[PDB]
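Scroll down for the structure; my scribbles are underneath it.
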Amino acid sequence: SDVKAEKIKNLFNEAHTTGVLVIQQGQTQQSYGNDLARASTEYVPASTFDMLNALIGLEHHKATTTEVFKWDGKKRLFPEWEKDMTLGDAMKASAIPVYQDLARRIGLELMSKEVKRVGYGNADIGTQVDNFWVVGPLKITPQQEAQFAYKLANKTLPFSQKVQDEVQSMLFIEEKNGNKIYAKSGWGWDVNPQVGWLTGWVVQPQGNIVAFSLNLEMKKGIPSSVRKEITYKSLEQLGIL
Ligand SMILES: *C(=O)[C@@H]([C@@H]1NC(C(=O)O)=C(S[C@@H]2CN[C@H](CNS(N)(=O)=O)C2)[C@@H]1C)[C@@H](C)O
(Lines give C-alpha, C1' and ligand atoms only; values in the text may rest on other atoms or scores of the structure.)
Protein backbone atom coordinates (compact mmCIF):
# COMPACT_ATOMS: atom_id res chain seq x y z
CA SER A 1 0.00 0.00 0.00
CA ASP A 2 2.80 2.45 1.08
CA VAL A 3 5.08 0.73 -1.57
CA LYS A 4 2.34 1.05 -4.29
CA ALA A 5 1.90 4.81 -3.46
CA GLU A 6 5.69 5.54 -3.54
CA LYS A 7 5.95 3.86 -7.02
CA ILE A 8 3.12 6.11 -8.40
CA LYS A 9 4.76 9.24 -6.83
CA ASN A 10 7.97 8.26 -8.76
CA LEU A 11 6.03 7.95 -12.10
CA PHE A 12 5.22 11.73 -11.92
CA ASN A 13 8.82 12.55 -10.76
CA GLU A 14 10.35 10.70 -13.79
CA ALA A 15 8.08 12.75 -16.15
CA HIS A 16 9.61 15.90 -14.51
CA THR A 17 6.17 17.25 -13.46
CA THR A 18 3.65 17.25 -10.55
CA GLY A 19 0.39 15.30 -10.75
CA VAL A 20 -2.32 13.38 -8.89
CA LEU A 21 -4.33 10.24 -9.76
CA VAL A 22 -7.75 9.98 -8.02
CA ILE A 23 -9.27 6.46 -7.91
CA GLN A 24 -12.93 5.82 -6.99
CA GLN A 25 -14.28 2.37 -6.05
CA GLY A 26 -17.84 2.31 -4.68
CA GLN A 27 -18.18 5.67 -2.87
CA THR A 28 -14.50 5.74 -1.70
CA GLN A 29 -11.76 7.90 -3.31
CA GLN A 30 -7.96 7.46 -2.86
CA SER A 31 -5.29 9.92 -4.15
CA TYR A 32 -1.80 8.94 -5.47
CA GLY A 33 1.11 10.91 -7.00
CA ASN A 34 3.69 13.60 -6.06
CA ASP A 35 1.19 16.46 -5.39
CA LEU A 36 -1.88 15.02 -3.57
CA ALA A 37 -3.19 18.62 -3.03
CA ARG A 38 -4.10 18.70 -6.77
CA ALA A 39 -6.96 16.21 -5.99
CA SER A 40 -9.09 18.99 -4.37
CA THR A 41 -7.77 21.88 -6.58
CA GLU A 42 -10.00 23.38 -9.35
CA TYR A 43 -8.69 23.39 -12.97
CA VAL A 44 -10.33 24.09 -16.35
CA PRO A 45 -11.77 20.75 -17.58
CA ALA A 46 -10.56 21.49 -21.14
CA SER A 47 -11.55 18.60 -23.51
CA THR A 48 -12.86 16.46 -20.55
CA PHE A 49 -16.01 18.69 -20.74
CA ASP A 50 -16.84 16.97 -24.12
CA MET A 51 -18.40 14.09 -22.07
CA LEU A 52 -21.04 16.40 -20.48
CA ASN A 53 -21.42 18.46 -23.74
CA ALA A 54 -22.30 15.20 -25.60
CA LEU A 55 -24.77 14.10 -22.84
CA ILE A 56 -26.56 17.51 -22.95
CA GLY A 57 -26.61 17.66 -26.80
CA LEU A 58 -27.99 14.11 -27.23
CA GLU A 59 -30.49 14.45 -24.30
CA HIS A 60 -32.02 17.63 -25.83
CA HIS A 61 -32.09 16.31 -29.46
CA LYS A 62 -29.50 18.94 -30.61
CA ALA A 63 -27.48 16.17 -32.40
CA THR A 64 -27.48 12.40 -33.16
CA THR A 65 -24.69 9.76 -32.88
CA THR A 66 -24.72 9.25 -36.73
CA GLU A 67 -24.76 12.87 -38.02
CA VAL A 68 -21.56 14.09 -39.77
CA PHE A 69 -20.07 17.48 -38.71
CA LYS A 70 -18.53 18.68 -42.02
CA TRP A 71 -15.06 20.31 -41.95
CA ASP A 72 -15.50 23.96 -43.18
CA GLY A 73 -11.94 23.85 -44.70
CA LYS A 74 -10.46 26.35 -42.15
CA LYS A 75 -7.05 25.44 -40.64
CA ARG A 76 -7.49 23.53 -37.33
CA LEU A 77 -4.99 23.33 -34.42
CA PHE A 78 -4.15 19.68 -35.46
CA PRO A 79 -4.18 18.46 -39.10
CA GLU A 80 -5.89 15.23 -37.83
CA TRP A 81 -9.02 17.38 -37.04
CA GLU A 82 -9.32 18.59 -40.69
CA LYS A 83 -12.03 16.08 -41.74
CA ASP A 84 -15.77 15.30 -41.44
CA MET A 85 -16.54 13.74 -38.02
CA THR A 86 -19.35 12.26 -35.91
CA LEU A 87 -19.59 13.27 -32.22
CA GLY A 88 -17.84 9.95 -31.42
CA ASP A 89 -14.98 10.63 -33.91
CA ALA A 90 -14.64 14.11 -32.33
CA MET A 91 -14.66 12.62 -28.78
CA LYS A 92 -11.72 10.29 -29.64
CA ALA A 93 -9.78 13.07 -31.48
CA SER A 94 -10.74 15.75 -28.88
CA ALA A 95 -11.72 17.85 -31.98
CA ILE A 96 -13.00 21.00 -30.13
CA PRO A 97 -14.53 22.66 -33.29
CA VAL A 98 -17.22 19.91 -33.35
CA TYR A 99 -17.96 20.42 -29.60
CA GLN A 100 -18.05 24.26 -30.11
CA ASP A 101 -20.65 23.63 -32.90
CA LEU A 102 -22.65 21.39 -30.48
CA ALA A 103 -22.32 23.99 -27.65
CA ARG A 104 -23.80 26.71 -29.96
CA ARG A 105 -26.74 24.37 -30.85
CA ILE A 106 -27.40 23.84 -27.08
CA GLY A 107 -27.09 27.62 -26.35
CA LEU A 108 -25.95 29.40 -23.16
CA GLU A 109 -29.34 29.19 -21.30
CA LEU A 110 -29.81 25.38 -21.66
CA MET A 111 -26.04 24.71 -21.16
CA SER A 112 -25.99 26.77 -17.90
CA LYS A 113 -29.19 25.06 -16.61
CA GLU A 114 -27.84 21.52 -17.34
CA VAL A 115 -24.32 22.18 -15.92
CA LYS A 116 -25.96 23.50 -12.67
CA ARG A 117 -28.55 20.60 -12.57
CA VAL A 118 -25.69 18.03 -12.88
CA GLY A 119 -23.56 20.07 -10.37
CA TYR A 120 -20.42 19.90 -12.61
CA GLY A 121 -17.41 21.52 -10.87
CA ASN A 122 -18.03 25.21 -9.95
CA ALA A 123 -20.98 25.07 -12.47
CA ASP A 124 -20.01 28.57 -13.82
CA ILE A 125 -20.04 28.78 -17.69
CA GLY A 126 -20.02 32.65 -17.89
CA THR A 127 -21.42 34.42 -21.01
CA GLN A 128 -19.89 32.56 -24.05
CA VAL A 129 -21.39 29.08 -24.71
CA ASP A 130 -18.51 28.14 -27.12
CA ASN A 131 -15.75 29.49 -24.80
CA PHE A 132 -16.10 28.41 -21.14
CA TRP A 133 -14.41 24.97 -20.71
CA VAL A 134 -10.84 25.83 -21.94
CA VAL A 135 -9.82 29.16 -20.27
CA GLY A 136 -12.58 29.53 -17.64
CA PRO A 137 -14.70 30.35 -15.92
CA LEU A 138 -15.74 26.65 -15.55
CA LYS A 139 -13.41 24.69 -13.21
CA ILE A 140 -13.55 21.19 -11.67
CA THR A 141 -11.37 19.14 -9.26
CA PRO A 142 -9.92 15.70 -10.10
CA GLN A 143 -12.10 14.30 -7.22
CA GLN A 144 -15.20 15.78 -9.02
CA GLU A 145 -14.02 14.35 -12.41
CA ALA A 146 -13.57 10.83 -10.91
CA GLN A 147 -17.04 11.05 -9.26
CA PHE A 148 -18.57 12.19 -12.61
CA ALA A 149 -16.86 9.26 -14.46
CA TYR A 150 -18.10 6.75 -11.81
CA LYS A 151 -21.71 8.03 -12.22
CA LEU A 152 -21.48 7.88 -16.06
CA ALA A 153 -20.01 4.31 -15.82
CA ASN A 154 -23.01 3.25 -13.62
CA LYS A 155 -25.50 5.37 -15.72
CA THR A 156 -26.66 7.20 -12.54
CA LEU A 157 -26.23 10.72 -14.02
CA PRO A 158 -29.62 12.50 -14.36
CA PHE A 159 -29.92 11.83 -18.13
CA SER A 160 -31.72 9.07 -20.08
CA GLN A 161 -30.15 5.57 -20.02
CA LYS A 162 -30.04 5.74 -23.88
CA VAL A 163 -27.85 8.91 -23.95
CA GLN A 164 -25.48 7.66 -21.16
CA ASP A 165 -25.08 4.36 -23.12
CA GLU A 166 -24.26 6.32 -26.33
CA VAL A 167 -21.65 8.55 -24.57
CA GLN A 168 -20.04 5.48 -22.89
CA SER A 169 -19.59 3.96 -26.41
CA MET A 170 -17.85 7.19 -27.57
CA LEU A 171 -15.31 6.87 -24.66
CA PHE A 172 -14.45 3.14 -25.18
CA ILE A 173 -10.65 2.70 -25.75
CA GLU A 174 -9.87 -1.06 -25.62
CA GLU A 175 -10.38 -4.36 -23.78
CA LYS A 176 -7.06 -5.40 -22.08
CA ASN A 177 -6.82 -8.77 -20.18
CA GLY A 178 -10.67 -8.82 -19.84
CA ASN A 179 -10.67 -5.19 -18.53
CA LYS A 180 -12.71 -2.60 -20.51
CA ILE A 181 -11.07 0.88 -20.52
CA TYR A 182 -13.08 4.10 -21.12
CA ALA A 183 -11.21 7.41 -21.05
CA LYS A 184 -11.27 11.06 -22.13
CA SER A 185 -7.99 13.05 -22.23
CA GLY A 186 -7.71 16.83 -21.85
CA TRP A 187 -5.00 19.45 -22.35
CA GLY A 188 -5.72 23.04 -21.25
CA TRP A 189 -2.78 24.42 -23.24
CA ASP A 190 -4.01 28.06 -22.93
CA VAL A 191 -4.04 28.51 -19.10
CA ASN A 192 -0.90 29.10 -16.94
CA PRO A 193 0.30 26.73 -15.81
CA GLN A 194 -1.08 24.24 -18.41
CA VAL A 195 -3.27 21.32 -17.21
CA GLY A 196 -3.35 17.71 -18.46
CA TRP A 197 -6.23 15.27 -17.76
CA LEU A 198 -7.12 11.65 -18.32
CA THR A 199 -10.56 10.84 -16.83
CA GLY A 200 -12.35 7.51 -17.25
CA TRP A 201 -13.04 4.10 -15.72
CA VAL A 202 -12.12 0.41 -15.93
CA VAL A 203 -14.77 -2.34 -16.03
CA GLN A 204 -12.99 -5.37 -14.45
CA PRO A 205 -14.00 -8.85 -15.69
CA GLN A 206 -16.64 -9.48 -12.90
CA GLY A 207 -18.11 -5.98 -13.58
CA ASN A 208 -16.53 -3.88 -10.75
CA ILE A 209 -16.13 -0.23 -11.95
CA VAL A 210 -12.92 1.66 -11.01
CA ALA A 211 -13.17 5.36 -11.94
CA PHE A 212 -10.03 7.49 -12.24
CA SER A 213 -8.93 11.05 -12.95
CA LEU A 214 -5.27 11.84 -13.69
CA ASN A 215 -4.44 15.57 -13.42
CA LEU A 216 -0.90 16.91 -13.98
CA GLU A 217 0.95 20.10 -14.92
CA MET A 218 1.67 20.06 -18.69
CA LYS A 219 5.21 21.55 -18.48
CA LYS A 220 6.48 23.39 -21.61
CA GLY A 221 7.40 20.72 -24.23
CA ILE A 222 6.17 17.71 -22.13
CA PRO A 223 5.17 14.69 -24.29
CA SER A 224 1.32 14.66 -24.51
CA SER A 225 1.55 10.80 -24.59
CA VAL A 226 2.78 10.78 -20.91
CA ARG A 227 -0.81 11.28 -19.53
CA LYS A 228 -1.90 7.80 -20.84
CA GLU A 229 1.48 6.19 -19.87
CA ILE A 230 1.31 7.36 -16.19
CA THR A 231 -2.43 6.42 -15.95
CA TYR A 232 -1.98 2.83 -17.33
CA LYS A 233 1.24 2.12 -15.31
CA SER A 234 -0.42 3.55 -12.11
CA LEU A 235 -3.57 1.35 -12.62
CA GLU A 236 -1.22 -1.67 -13.17
CA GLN A 237 0.73 -0.88 -9.93
CA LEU A 238 -2.64 -0.70 -8.07
CA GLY A 239 -3.68 -4.13 -9.50
CA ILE A 240 -6.66 -2.44 -11.30
CA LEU A 241 -5.17 -3.39 -14.75
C1 LIG B 1 -8.76 19.29 -25.02
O2 LIG B 1 -8.46 19.26 -23.84
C3 LIG B 1 -7.87 19.88 -26.11
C4 LIG B 1 -7.39 18.74 -26.99
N5 LIG B 1 -7.13 17.56 -26.20
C6 LIG B 1 -6.04 16.90 -26.60
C7 LIG B 1 -5.67 15.68 -25.90
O8 LIG B 1 -4.94 14.77 -26.52
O9 LIG B 1 -6.10 15.46 -24.77
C10 LIG B 1 -5.34 17.58 -27.51
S11 LIG B 1 -3.87 17.12 -28.26
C12 LIG B 1 -4.24 16.47 -29.86
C13 LIG B 1 -5.33 15.42 -29.82
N14 LIG B 1 -4.65 14.21 -29.31
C15 LIG B 1 -3.29 14.22 -29.91
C16 LIG B 1 -2.26 13.76 -28.86
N17 LIG B 1 -2.51 12.34 -28.54
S18 LIG B 1 -1.51 11.72 -27.43
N19 LIG B 1 -1.80 10.16 -27.40
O20 LIG B 1 -1.62 12.34 -26.14
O21 LIG B 1 -0.12 11.92 -27.77
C22 LIG B 1 -3.04 15.66 -30.37
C23 LIG B 1 -6.04 18.90 -27.75
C24 LIG B 1 -5.18 20.05 -27.22
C25 LIG B 1 -8.70 20.88 -26.93
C26 LIG B 1 -9.22 22.03 -26.08
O27 LIG B 1 -7.89 21.45 -27.96
Side-chain angles (χ1 to χ4, degrees), residues 11-12 15-17 19-21 38 41-57 69 71-72 74-104 106 111 115 120-121 125-126 128-142 144-146 148-149 167 170-174 176 181-201 212-235 241:
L11 294 181
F12 289 95
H16 308 298
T17 196
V20 68
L21 175 65
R38 292 182 77 83
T41 304
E42 285 185 335
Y43 304 93
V44 302
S47 298
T48 67
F49 187 73
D50 298 348
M51 295 189 275
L52 181 50
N53 201 351
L55 288 167
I56 294 168
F69 291 79
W71 178 43
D72 59 2
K74 294 181 167 201
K75 191 68 158 94
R76 288 188 178 181
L77 192 58
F78 298 85
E80 87 187 58
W81 292 354
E82 290 177 354
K83 63 183 199 73
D84 301 350
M85 278 183 269
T86 63
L87 283 182
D89 293 342
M91 186 75 71
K92 183 178 152 172
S94 290
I96 186 162
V98 171
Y99 280 95
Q100 291 168 326
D101 186 324
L102 183 60
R104 287 192 289 270
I106 292 157
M111 187 75 84
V115 164
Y120 184 94
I125 74 165
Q128 304 301 321
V129 77
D130 51 349
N131 187 10
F132 66 83
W133 64 90
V134 295
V135 291
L138 183 61
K139 294 202 199 159
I140 187 165
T141 74
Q144 291 170 328
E145 285 247 352
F148 175 86
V167 174
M170 292 181 188
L171 296 169
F172 178 68
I173 309 301
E174 60 184 323
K176 214 195 180 49
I181 306 169
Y182 296 81
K184 181 65 198 187
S185 60
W187 177 16
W189 55 264
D190 207 15
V191 292
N192 247 86
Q194 297 180 26
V195 63
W197 291 108
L198 188 62
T199 296
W201 69 98
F212 59 84
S213 186
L214 178 122
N215 177 288
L216 56 67
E217 182 168 315
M218 291 289 285
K219 300 291 196 192
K220 168 175 149 192
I222 197 163
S224 57
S225 66
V226 86
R227 293 165 299 156
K228 178 158 156 307
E229 300 304 349
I230 296 168
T231 303
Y232 274 42
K233 292 302 308 182
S234 293
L235 292 176
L241 282 183

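Note that these values count all heavy atoms, side chains included, but never hydrogens, waters or copies made by symmetry. Just so you know, ligand 1 is whichever comes first in the structure, and atom 1 is the first atom listed for that ligand. One is the number of the first residue; the rest follow in order along the sequence.
In terms of N/O distances under 3.5 Å, ligand 1 is approached by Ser224. Close N/O approach between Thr48 and ligand 1 is not found [any backbone or side-chain N/O within under 3.5 Å].
One option in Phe49, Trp187, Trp133, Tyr99 has a heavy atom closer to atom 10 (C) of ligand 1 than any other, and that option is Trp187. Considering each of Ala93, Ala183, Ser94, the one bringing a non-hydrogen atom nearest atom 6 (C) of ligand 1 is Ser94.
You'll find the side chain of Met91 stays beyond 4.5 Å of the side chain of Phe172, heavy atoms only. The shortest side-chain heavy-atom distance between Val98 and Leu87 falls under the 4.5 Å cut-off. Under the 4.5 Å side-chain criterion, counting only non-hydrogen atoms from C-beta, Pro45 is in contact with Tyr120. Contact annotation: the side chain of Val134 never approaches that of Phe49 to less than 4.5 Å [non-hydrogen atoms, C-beta and beyond]. The shortest side-chain heavy-atom distance between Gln194 and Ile222 does not fall under the 4.5 Å cut-off.
Within the structure, ligand 1 has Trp81 among the residues with a heavy atom less than 4.0 angstrom away. Using 4.0 Å as the threshold, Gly196 has no heavy atom nearer than that to any atom of ligand 1. Not a single heavy atom of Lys184 lies less than 4.0 angstrom from ligand 1.
Counting heavy atoms closer than 4.0 Å to ligand 1, residue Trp197 contributes nothing at all.
For atom 19 (N) of ligand 1, the nearest non-hydrogen atom of the protein is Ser225 CA, 4.4 Å. In this structure, the protein non-hydrogen atom closest to atom 4 (C) of ligand 1 is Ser47 OG, 3.1 Å.
Across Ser213, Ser47, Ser94, a single residue satisfies side chain to side chain donor-acceptor pair (under 3.5 Å) together with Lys184, and that is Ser94.
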* To do: Mind running side-chain contact (heavy atoms from CB on, under 4.5 Å) on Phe12 and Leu214 for me, showing each step along the way?
  => CA-CA 11 Å; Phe12 289 95; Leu214 178 122; 3.7 Å; yes

